[PDB]
Amino acid sequence: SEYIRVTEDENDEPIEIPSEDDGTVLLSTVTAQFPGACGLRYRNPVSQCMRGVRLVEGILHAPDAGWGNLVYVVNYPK
């Protein structure tokens, strides 16, 4: 039951969005601040490549380590 930081552009200051009590994040929780959003990715700090977040059935799941304080960048389609 944390907040994760989410942004639509890595330079922009992110906003915190609430997780579920189980540590997941609903896609709907994201799309209420980022309408259109279809997913998330984040900059892996060890490789500096982008890394996708798992989404199954409208539910986002944390990286194995947890969400931490990383900045999650929203994906949009097309």
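Just so you know, all these numbers are worked out from the coordinates, no wet-lab data involved.
Just a few scattered comments:
- Global form of the chain, assessed from the alpha-carbon gyration tensor, a/c cut-off 1.5: rounded
- For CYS38, residues with placed amide H under 5 Å, excluding near neighbours: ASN75, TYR76
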